[PDB]
Amino acid sequence: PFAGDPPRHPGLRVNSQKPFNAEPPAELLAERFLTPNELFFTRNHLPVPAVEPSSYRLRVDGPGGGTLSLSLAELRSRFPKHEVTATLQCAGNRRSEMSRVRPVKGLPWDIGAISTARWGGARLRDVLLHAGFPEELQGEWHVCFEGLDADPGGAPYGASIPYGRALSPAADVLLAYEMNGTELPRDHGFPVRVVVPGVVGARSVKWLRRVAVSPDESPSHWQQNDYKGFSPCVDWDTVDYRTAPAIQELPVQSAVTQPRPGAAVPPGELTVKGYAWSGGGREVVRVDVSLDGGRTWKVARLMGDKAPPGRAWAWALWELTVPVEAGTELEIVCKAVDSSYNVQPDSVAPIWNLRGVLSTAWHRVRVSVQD
Amino acid sequence: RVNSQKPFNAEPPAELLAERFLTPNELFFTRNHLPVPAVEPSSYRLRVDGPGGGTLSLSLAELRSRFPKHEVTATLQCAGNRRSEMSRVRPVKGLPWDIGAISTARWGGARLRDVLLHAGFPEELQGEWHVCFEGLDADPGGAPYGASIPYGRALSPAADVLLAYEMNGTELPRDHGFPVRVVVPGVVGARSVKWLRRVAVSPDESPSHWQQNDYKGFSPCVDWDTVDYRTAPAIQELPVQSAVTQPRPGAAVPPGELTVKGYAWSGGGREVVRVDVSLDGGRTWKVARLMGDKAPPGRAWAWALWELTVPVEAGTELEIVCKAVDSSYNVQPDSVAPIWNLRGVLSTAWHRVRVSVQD
Ligand SMILES: Nc1nc2c(c(=O)[nH]1)N[C@H]1C(S)=C(S)[C@@H](COP(=O)(O)O)O[C@H]1N2
Ligand SMILES: Nc1nc2c(c(=O)[nH]1)N[C@H]1C(S)=C(S)[C@@H](COP(=O)(O)O)O[C@H]1N2
Ligand SMILES: [Mo]
Ligand SMILES: [Mo]
């Protein structure tokens with residue numbers, strides 16, 4: 001089934017080959033603000049579709065039973081191209097930290113199941129208004145997405161977002177056909193993927209074949225029975241996915257990319273660097289950094305341009321240059337605060353869950369200073 | 001429970017705080033910075049400074065008759081709620097609130113959106129604009145209480161911002177802003193300006209002391225000699241919060257069953273999706289039952305009241321802890337020291353209550 005999959009950069013840390021899942025090494029992760037296409041993390045549940053672009057058609061089911069069938073050419077020409085810089089973070093980012101507390105079910109991601117790119121495409125809003133849908137519906141409606149990738153029986157990958165997000169101009173939801181100025185790579189949804197800014201990676205459906213408006217959420221296995229958070233007391237014999245909401249917006253998150261665990265850094269000065277981000281378009285307003293395991297803190301410098309309010313879809317790269325004394329031991333910890341003053345919890349055990357998702361307790365890195 | 005008399009500031013006893021979903025008007029916590037105005041209703045006018053230089057001046061009668069009344073159930077939480085937990089770590093400056101600087105009511109008024117539109121402003125302005133508010137209460141110098149919110153929140157239909165003249169079906173009490181106050185749902189109590197005199201649209205935030213030099217969060221490392229209010233944003237939306245109202249600290253409860261109760265709430269219209277309760281100081285957890293009716297997505301302005309009934313052995317010690325999770329899966333931090341700040345605001349670490357079980 002995976003014979004036709006695309007070639008991938010080797011540098012990427014591969015945690016699953018069939019289907020292909022891989023993350024960039026931490027030492028490359030936050031070198032640039034936009035993550036290069038060949039190192040942007042990859043999460044595939046199924047074999048990668050091989051799509052011929054000229055015959056490709058996007059099906060959008062119209063409001064009274066009609067159907068709109070869009071070629072790539074129309075998707076590009078009929079709707080004004082919008083570009084949005086947005087970070088995708090997988091729900092399982094930093095899963096490994098949670099697994100060490102107690103084994104979980106999921107891909108063993110470290111801190112790199114997150115990448116940033118400048119996306120371009122048709123606004124989902126413009127496409128749905130074109131198909132005949134109104135700006136607002138009575139009650140709770142959803143927009144469902146289906147991919148061209150399918151399981152043995154033929155069930156495709158699928159997901160949904162609330163209709164209000166789909167139709168909001170400010171939410172900047174795209175039917176993306178460009179990534180960092182080039183056509184979408186195969187691994188990243190060629191020819192067309194959904195990009196949902198501020199929202200968990202799982203809803204940004206790749207190799208999009210269909211868009212439908214429904215009174216209910218997508219019935220996909222990954223919408224109904226995956227990507228939810230549970231109490232740490234829940235285990236496999238008690239988990240009941242009907243008791244929790246689908247992950248949409250994500251909580252505030254941060255990690256240290258430099259230095260790396262085990263490093264013996266030279267004395268004098270040390271530049272600690274990392275990334276921080278929060279869901280829902282909430283900007284990172286402060287990143288606190290400790291060198292003594294969280295007893296004392298210093299304020300990092302936030303690199304990057306401010307985005308408009310509520311539209312902070314891209315991560316904040318941060319740094320802190322600090323003097324270091326030969327022979328000393330450092331425990332580097334980071335924590336970020338967002339625009340609603342949400343914060344990261346101290347520890348992992350109270351936020352533990354059986355699938356190892358929503359891992360946002362403070363990141364901790366042990367290094368020493370060369371004698 | 002009064003922690004200041006002149007001016008007046010007070011919170012309901014925890015035994016009454018969460019008995020009812022809507023907090024009675026006589027119980028609703030009160031935060032006043034300045035003397036309470038005695039506003040004479042007939043000559044009262046709300047001034048709204050229009051886009052061109054004009055002034056829309058509205059009487060209370062006009063406010064009620066020209067705009068369709070909108071009702072919104074919303075919880076107000078003060079920035080200093082649970083300040084006493086901050087103080088326990090290191091001394092802070094501020095009113096010594098416990099867990100009761102939070103209350104809920106059904107607000108009734110005109111939409112701020114409709115008033116601004118009525119005055120000729122547009123649905124959107126390019127760039128970051130603000131809507132500023134001034135109260136009739138004033139300091140010795142004569143400076144009034146003031147605050148602002150971003151223009152986009154003020155004009156959003158979904159944001160439910162009101163110029164309220166009713167509170168739980170009765171006219172606004174004096175202590176709660178008679179005849180009119182701003183109610184900003186999902187936003188810190190500070191921006192809900194009471195005894196409203198004026199509404200203005202500006203390219204900049206309100207220049208008021210409480211908007212510029214108060215109600216911000218800082219790194220725990222900041223102290224009075226290094227604090228710089230320019231380095232942090234004004235608090236608007238608040239983070240996820242919870243507390244235990246029953247039992248009380250130091251209690252000795254009878255063996256058999258125990259019903260733990262409390263409240264949970266999050267800012268920005270984010271509903272509370274779960275409340276985890278521990279009886280062993282945070283080692284193990286159980287899921288509480290949430291009492292409430294869901295609000296539409298993004299419009300959960302009111303708290304969720306919760307309870308858990310659990311067996312308790314005779315002669316044991318309990319450390320009851322609660323933590324809440326919101327619809328964006330934001331969570332509460334374990335401890336206070338790492339969220340400490342010099343004003344003791346934004347106190348949202350887990351609430352811990354110790355009790356013993358009788359023999
Ligand atoms: N059709 C399709 N879309 C999908 C996937 C999937 O398996 N199939 N995986 C999802 C999840 S879980 C993640 S985290 C993101 C990853 O996007 P990326 O590989 O471009 O980083 O894609 C989402 N889109
Ligand atoms: N005019 C004016 N309004 C104000 C106040 C103020 O002192 N004067 N205090 C503010 C703050 S800090 C709080 S927490 C809330 C409290 O409202 P309440 O007294 O009706 O509970 O009102 C806000 N509105
Ligand atoms: Mo994911
Ligand atoms: Mo307040």
# chains A, B, ... in the order shown; residues from 1 in each chain; ligands from 1
>>> residues_near_ligand(ligand="ligand 2", cutoff="8 Å", atoms="only C-alpha atoms and all ligand atoms", output="ChimeraX atom specification")
/B:9,28-34,76-80,101-103,134-137,144-146,175-177,181,188-196
>>> residues_around(residues="residue A:22", least_positions_apart="3", cutoff="12 Å", atoms="only C-alpha atoms", output="ChimeraX atom specification")
/A:8-19,25,38-45,90,93,107-115,187
>>> closest_residue(among="A:370, A:339, A:180, A:99", to="chain B", atoms="only C-alpha atoms")
A:339
>>> residues_near_ligand(ligand="ligand 1", cutoff="7 Å", atoms="only C-alpha atoms and all ligand atoms", output="list in words")
residues 40, 41, 42, 43, 44, 45, 46, 88, 89, 90, 91, 146, 147, 148, 149, 157, 158, 187, 188, 189, 201, 202, 203, 204, 205, 206, 207 and 208 of chain A
>>> interface_residues(of="chain A", to="chain B", cutoff="6 Å", atoms="only C-alpha atoms", output="list in words")
residues 233, 249, 250, 251, 297, 340, 341, 342, 345 and 346 of chain A
>>> residues_around(residues="stretch 209-217 of chain A", least_positions_apart="2", cutoff="6 Å", atoms="only C-alpha atoms", output="list in words")
residues 58, 59, 60, 61, 141, 142, 143, 144, 145, 146, 147, 148 and 160 of chain A
>>> residues_around(residues="residue A:5", least_positions_apart="4", cutoff="9 Å", atoms="only C-alpha atoms", output="ChimeraX atom specification")
/A:1,19-20,47-50,186-187
>>> closest_residue(among="B:294, B:352, B:130, B:106", to="residue B:75", atoms="only C-alpha atoms")
B:106
>>> decode(residues="stretch 196-209 of chain B", atoms="C-alpha atoms", output="PDB file, in the first residue's frame")
ATOM      1  CA  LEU B 196     -21.201  55.354  32.803  1.00  0.00           C
ATOM      2  CA  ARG B 197     -20.944  59.025  31.752  1.00  0.00           C
ATOM      3  CA  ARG B 198     -19.234  58.762  28.414  1.00  0.00           C
ATOM      4  CA  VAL B 199     -18.392  56.403  25.550  1.00  0.00           C
ATOM      5  CA  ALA B 200     -15.642  57.428  23.047  1.00  0.00           C
ATOM      6  CA  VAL B 201     -13.871  55.766  20.142  1.00  0.00           C
ATOM      7  CA  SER B 202     -10.127  56.387  20.040  1.00  0.00           C
ATOM      8  CA  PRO B 203      -7.101  55.097  18.095  1.00  0.00           C
ATOM      9  CA  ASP B 204      -5.470  54.450  21.455  1.00  0.00           C
ATOM     10  CA  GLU B 205      -6.466  52.658  24.644  1.00  0.00           C
ATOM     11  CA  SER B 206      -8.014  54.574  27.524  1.00  0.00           C
ATOM     12  CA  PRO B 207      -5.433  56.786  29.254  1.00  0.00           C
ATOM     13  CA  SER B 208      -6.963  55.943  32.617  1.00  0.00           C
ATOM     14  CA  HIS B 209      -4.608  54.889  35.408  1.00  0.00           C
TER      15      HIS B 209
END
